[PDB]
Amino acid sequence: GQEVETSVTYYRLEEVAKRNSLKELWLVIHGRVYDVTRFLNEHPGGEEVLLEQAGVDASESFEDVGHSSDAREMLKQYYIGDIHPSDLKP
């Protein structure tokens, strides 16, 4: 009856996919979930390039843009949890 200790909060992709609009947008980048709602209208690349990646892996999109170190550091403020292990590639 020993129990695994919990640490990070996991979200399944099907739950992430429900926050898919200007009301509330979560994005998945490198295995982590970011609630970027508050940043949508500040994002230099605009809202639409973020919105269109709802519910899918946004990592390739994010990396192809060539985001600066400053942009990468801004990521952490929007962190809310990790994608559930069952939704990752092995």
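In this text, residue numbers run from 1 along the sequence as written.
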Can you tell me whether 79-87 has a higher mean C-alpha B factor than 1-9 in this record, or the other way round? 1-9
Averaging the C-alpha B factors as listed in the entry, name the stretch that ends up higher: 61-69 or 32-40. 61-69
Among the modelled residues of this chain, does the Cα B factor of residue 25 put it in the lowest, middle or highest third? lowest
Can you work out whether the C-alpha temperature factor of residue 74 puts it in the lowest, middle or highest third of the chain? highest
